[PDB]
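*Asks:* To start, I am sharing the structure in question, which I have written as structure tokens.
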Amino acid sequence: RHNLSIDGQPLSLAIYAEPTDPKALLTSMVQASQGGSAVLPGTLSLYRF
Amino acid sequence: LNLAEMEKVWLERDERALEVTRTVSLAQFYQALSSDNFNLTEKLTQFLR
């Protein structure tokens with residue numbers, strides 16, 4: 001009834017659908033907004049330019 | 001950095017000074033003293049003799 005031979009050996013070859021390959025993992029540079037310095041009013045020196 | 005700090009405060013707090021001359025006559029100064037006064041020439045010549 002279970003499709004075996006007289007000895008119990010199976011009569012139908014099975015299948016399992018081999019796992020799908022390796023996987024690629026990558027890294028990336030990340031950038032963010034950056035500001036600059038400010039300028040203040042200047043002092044008046046005692047010396048010439 | 002410490003030298004730069006010294007230089008910055010020197011330039012910022014530098015000042016052109018008023019330049020004054022004061023003439024002092026010792027005979028006048030000793031004669032005009034309130035408490036312990038005397039005459040310069042008279043006491044000088046007396047001390048030499």
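As shown in the structure tokens, the chain order sets the letters A, B, ...; within each chain, residues go from 1, and ligands are also counted from 1 in the order they appear.
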Within 10 Å of chain B, which residues of chain A show up? Give each one with its shortest atom-to-atom distance in Å (one decimal) and the two atoms involved, counting only C-alpha atoms, rows by chain then rising residue number, as JSON lines.
*Replies:*
{"residue": "A:43", "atom": "CA", "partner": "B:12", "partner_atom": "CA", "distance": 7.2}
{"residue": "A:44", "atom": "CA", "partner": "B:12", "partner_atom": "CA", "distance": 7.9}
{"residue": "A:45", "atom": "CA", "partner": "B:11", "partner_atom": "CA", "distance": 6.4}
{"residue": "A:46", "atom": "CA", "partner": "B:14", "partner_atom": "CA", "distance": 7.1}
{"residue": "A:47", "atom": "CA", "partner": "B:11", "partner_atom": "CA", "distance": 8.6}
*Asks:* Nearest to residue 30 in chain B among B:4, B:43, B:48, B:18, with distances taken over only C-alpha atoms: which residue is it?
*Replies:* B:43
*Asks:* Can you measure CA of residue 49 in chain B to CA of residue 31 in chain B for me? One decimal in Å is fine.
*Replies:* 21.3 Å
